[PDB]
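Two forms of a single protein chain come next, each set out by itself as structure tokens; they are called structure 1 and structure 2.
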Structure 1
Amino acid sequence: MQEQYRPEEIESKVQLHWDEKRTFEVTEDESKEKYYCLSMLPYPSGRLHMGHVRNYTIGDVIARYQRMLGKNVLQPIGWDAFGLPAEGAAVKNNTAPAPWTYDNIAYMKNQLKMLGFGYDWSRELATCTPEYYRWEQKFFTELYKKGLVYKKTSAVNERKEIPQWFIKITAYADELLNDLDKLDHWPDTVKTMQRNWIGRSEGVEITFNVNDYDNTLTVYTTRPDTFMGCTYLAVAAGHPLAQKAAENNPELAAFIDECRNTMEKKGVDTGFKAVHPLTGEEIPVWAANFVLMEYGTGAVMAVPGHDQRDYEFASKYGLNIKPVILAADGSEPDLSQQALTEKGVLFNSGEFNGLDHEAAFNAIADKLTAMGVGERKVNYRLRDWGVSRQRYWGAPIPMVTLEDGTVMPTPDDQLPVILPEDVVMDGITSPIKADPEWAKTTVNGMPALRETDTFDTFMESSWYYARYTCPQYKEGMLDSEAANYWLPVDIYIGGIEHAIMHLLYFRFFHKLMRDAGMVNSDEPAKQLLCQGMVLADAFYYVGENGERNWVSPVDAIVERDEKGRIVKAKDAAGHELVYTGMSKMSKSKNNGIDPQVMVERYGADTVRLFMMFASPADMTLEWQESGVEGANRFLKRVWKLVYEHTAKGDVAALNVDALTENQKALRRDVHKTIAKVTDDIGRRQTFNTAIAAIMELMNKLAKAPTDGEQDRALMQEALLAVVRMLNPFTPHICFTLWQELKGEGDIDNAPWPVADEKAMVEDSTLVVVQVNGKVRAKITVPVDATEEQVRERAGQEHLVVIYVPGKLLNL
């Protein structure tokens, strides 16, 4: 055994070994309990960032630990490889998105190996290859044939009316919302975000006649109980009613054009009068900047007495404000300053007077419904999923338009529709749109023009978790047996910022696949763990020109007070720096830290250990070089204790019967430590305290004598235990130390240590004696003494009723 620990001499040999033995490659083995540990797949930007390192170290810790518990563990890796950055890099360099992307995959793959992540590399996928995207193209054709796909012009952000393909995600909204109650092991924050994003709404559509106007006008309301307080209707700027009025009304015309471009209220009277269906009285119709064209019908019944936006519009333009709901105490409301918003009992409402809110809602709805001018309607904030982009670097959309004018899917025997990778980019137009020949094809015997827009990249990320189960299956999108063996994912790890995009889409996609017969479960992941951001100090100076210039913390020369807080700071050019604290990492604050640099400076194991020790997985992590150094020193001390132990040669069989009292207490701490680290990693997922627990045991182990045969036999049992406990975190050093300790086989398939129950029995326990809360004594008592026995030993104490067994007496 070398005296010095040198990761440059250990890590790449161990990595090569994991590749040569295919250590982390797995199959669908029915004789073992499965565990699917998934980290959000990287985008191949060019190099790993510290967030990848954190995300993927947490997943690797869990994957390795679950393998040591005897489970069959799937930990897959792949590349979300289409998307926008590659077209910008292609143009800037003078290349193409494909070769740039594949070069990045190669470089980042080598980085992930250099971190020692135990992936099943046989299942590696890059989502830009036709072997991947072909199945989403087929799947999109099936969705279309099932009526879940349509095309429409919609406003994207300046503002454009762009045609797009939509998947009807709203067909599944109820279930996406309802099934959140199944998600016990997702965090409350992500669930609430999804609930609010979905925005389920129960209401009524109400249709109005409109004088001297060709069509009726339908509004959506969530408060039909306030119907007799409706003093005007309001319509979105883009509504066809406003469009019409706008032909004779230049005031309106300019308002409608103002709105197309650009929380104040703004509006123009359209001059149209709608007829109130109950009273029969005319009310004015206004165009209003606060009504969304895209939601509901894009028109509202305005009740300024009881909706604050309607109140502020009516106050500004002098429209009638009419009260129809009473205050909590049955008094008429004070509307002199703002709307009365709470649901109450109606007044000023004729036949509907005295009705409470639920009764009012129902009665006014029932009456409009029977009059043929209302109907109950559930709406959603959630929009349908717009899946097309006017971009080149993505999966082609499998639709065609025949010479006819007719629209249909690309035939089965013409899938995949292949994105050509050999292209020159002009910056301006997609190569498959710039070339008129590419879109020309033939379908059902006739000349067609095929779609040139491509899929948004969330299309590929919505199902990759499932394809990892059967990545080389050529017969379909999924081998249902393989997918149902591995799914649902046991734990999915990735940031909270994906909460209402990817983390909603993959739930939807899972359900589509369920309803196609492809999987047999309702949800794709049991547990979601959202790891915190990695932070770093940030500094700037102000130039003579008044501009802020940000300076990397490595270039900061800081000065620290008596208590170590930063009091001044300068750069080597002499600029006075202002310290802004720990801050999210960015190129803008110039405070990013390159994990490659750190891996080369300290070794992967040090970087992994620091990242798991510094803070709980779900909280923010403050990157501190003094902290990383501290981790490196710990591993060096573990290396030292093993070197000195093995230097003494082989070990006698431990004889538990003949152990000394000290020996017995020391062994007790080995086994308690095993029990805690197990519970911390396996159930609590408190990785930082699991490590602290190992460190506290080492501190004792470094003190134990090791001359007598038994002392050494005990250290052997301790160190075999420590090396295994540390292995999910620091597997390179631990792989090597296991061999030095002559552990059996490779550490990766060694059994996780189990605490010996015999080793942990206490002869005695300590009891704190308090008088009136404040501690006045401490006493040792048998782990079997009765109250009165305990309270008697209590009484005997010269300084010395509530009693917790084994813990506390308070008098």
Structure 2
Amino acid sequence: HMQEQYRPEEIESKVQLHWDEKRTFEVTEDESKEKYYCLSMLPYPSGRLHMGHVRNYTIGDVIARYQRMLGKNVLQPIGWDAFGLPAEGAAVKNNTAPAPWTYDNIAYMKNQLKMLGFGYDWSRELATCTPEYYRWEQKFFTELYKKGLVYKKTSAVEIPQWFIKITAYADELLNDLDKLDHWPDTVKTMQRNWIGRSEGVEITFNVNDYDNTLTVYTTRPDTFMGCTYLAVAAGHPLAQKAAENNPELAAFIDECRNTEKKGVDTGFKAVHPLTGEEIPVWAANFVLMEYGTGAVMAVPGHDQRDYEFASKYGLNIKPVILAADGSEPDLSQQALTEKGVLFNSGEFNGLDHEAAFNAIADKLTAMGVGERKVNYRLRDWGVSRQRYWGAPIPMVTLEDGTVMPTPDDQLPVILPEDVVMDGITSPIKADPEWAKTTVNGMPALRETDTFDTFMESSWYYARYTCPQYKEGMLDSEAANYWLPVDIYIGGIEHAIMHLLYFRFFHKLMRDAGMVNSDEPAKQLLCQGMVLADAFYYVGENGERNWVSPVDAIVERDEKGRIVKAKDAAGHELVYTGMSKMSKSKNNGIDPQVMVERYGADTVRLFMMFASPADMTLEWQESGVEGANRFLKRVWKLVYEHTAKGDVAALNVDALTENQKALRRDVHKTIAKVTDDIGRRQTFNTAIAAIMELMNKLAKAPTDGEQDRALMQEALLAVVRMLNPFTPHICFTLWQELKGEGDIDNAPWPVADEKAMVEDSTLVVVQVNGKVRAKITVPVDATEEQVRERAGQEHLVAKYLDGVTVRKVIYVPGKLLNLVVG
């Protein structure tokens, strides 16, 4: 019989074994079913799950289990972003090498994920550090090279690097943000600003005693009459020409290479092409040599950086834009930034921003000293690292100096895993023999740098669709069946790195014919951070010592606010509130400890209950114990119910009004929970609705056969509704209730419309807008019947005593407001 006591330790590993043995969450490309691809950002194998992993993957798993119960064919994959820096650190610190360390972390973390009962298709599990994964990005990289999308260049970080031409897709990456209605605006705005398409004008100046011109780039050509000096990047040819005869500038250039406004007068004078005036050219620290032309016309009255530099160096500050209210601006403190009507600008006075922009661009073009120009903040993607633990770059240099891709017959370029790290140099660099190779029987040197680990995370989501496919990077039929990802769950912190790279890589894959869609993921859900209480004491040395909130001993006033805290050693603690988890504040909570203390189901439930998915969640032991206690109550109710044996069939027509009202609450809950999980994604309020119903069901009668049949229906519905959140307990309870088959394949409950119909309705009676009663009336009562009933309420009548009803507002079956005077 059913155990009386709920014991996660006797239930969770058994259900988990069942899921592995039956391969419950393994899926194929079944065209007779509607697909749903639920994806969570894959973990780095650091060694132990953190609470953010737990939140992220619980959200994914709730969604994946729900969509299955709706009858979809659901892919939920997991894997390991396994290359990267931290393994080198650890290898050196320990007796070891990056690979064994990494494989150990995977085993450990994998067992943690299974202990949490995330329903992954384990047969699609990938580790990005294996040659079976990385060979394909090696081959893809050679293809990109052949398409003209990859090149070598020396650059600052200064060293040679391999670049992929992400700028060749800048406009698509920008325009397609408008297809991403189910991405958060914050993420979209971050990518927009990162790409930074800029519409401006290049303007060329003649410079005295300089046998060249100087070209600047501006987005505010409308301010050109306020240009009081030019500034050039430290690395600009003009600055380097002047430094020939200028120690000060020479010194300044050198400092900038290494490295608050700073500059050196170049001594050169440029001629403003419209005013004829001579203006000074400075070399300045705020001017990036790599963007636009490496030079700007400075307009200190209207650019804040130009303002600060001009004040510091005594340069003229000229106003040429009116304030919003039409008034000449106050530039005594700072730049007037806003676009406005021109003054102090000759023939352009009175023009607004757009008119002035175009009039001045037009003029300078006609004069042949300017032209419209679009620039982009986006730079090409440097994918080269001088680091051991990553996929080797499949390029080779022939003795004659020809750089070319590694022949297809030498892919993959295997990174050797059995190495000894000396801590300062890559083993594949330190050994001069590794780079030696042959290409067409001519000696060749193979590349020794490895890929940026963003390389692996940029396409893993697609490889999951066909992870054992050996004929290519993607099996396109499989990929096009699963893709695009339906929901991608992970942090907002990846907004302009990975979240941009994976869109870009998707498009590269489409354009290699490998997929037939434009965007990799339809919905992006960024889960909020998990916070914990933070405490510290000040030692006798004046140093703050942070004390884990587990170890804090708190005391509270009679309304429960923390008023004093100590640690065991008796130090006085300062409470800093809820903060981001961190080693430095020492407030990290170990998910493994809570799983072992309360069971996975308690942890999962708490995490989904405590806060909306996209808001920060405040971890509280209090809350977790609450969720645990709720599970015991569910267990208890089902224990009591099943003790009493089978149930007769529910007779829906013969139910009492109290029975009808409970049954209506069951089905209204089904509908609210369905809407909340599936449309609104408010998982907290879904769980709240289940708790609310469970409270009612614990108070319902359970003697009569009808009461028991009603309870059976309710419990079969509650357990299914709980299942995506707490599936171990729900799997087991489902059997105890004698539900049909495994709960993982049971259909999501659907609300019975007949069960939800009401025989009465509550009407809120107001008098001049103030609630004076709430009356229950027949569901189809007429407005005059409702009125009559409201006047019979003494609570209302006593506000109708000796006053006149001027009018009435009535919302059928909801509200009657009697307006009186």
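Along the sequence of structure 1, residues get numbers from 1 upward. Think of the rigid core as the biggest set of C-alphas that the two forms share within 1.5 Å after superposition.
Looking at 311, 255, 634, 463 after a core superposition between structure 1 and structure 2, you find that only 311 has a C-alpha shift of 2 Å or more. Residue 107 is not among the residues whose C-alpha shifts by 2 Å or more between structure 1 and structure 2 once the rigid core is aligned; its shift stays under 2 Å. For residue 26, a C-alpha deviation below 2 angstroms is recorded between structure 1 and structure 2 after rigid-core alignment.
Shown in the overlay between structure 1 and structure 2, fitted on the rigid core, is a CA shift at residue 413 smaller than 2 Å. For residue 329, the CA shift between structure 1 and structure 2 after superposing the rigid core equals 8.7 Å. Relative to the superposed core, residue 770 moves its CA by 2.6 Å between structure 1 and structure 2. We note a C-alpha movement of 6.8 Å at residue 346 between structure 1 and structure 2, with the rigid core held in register.
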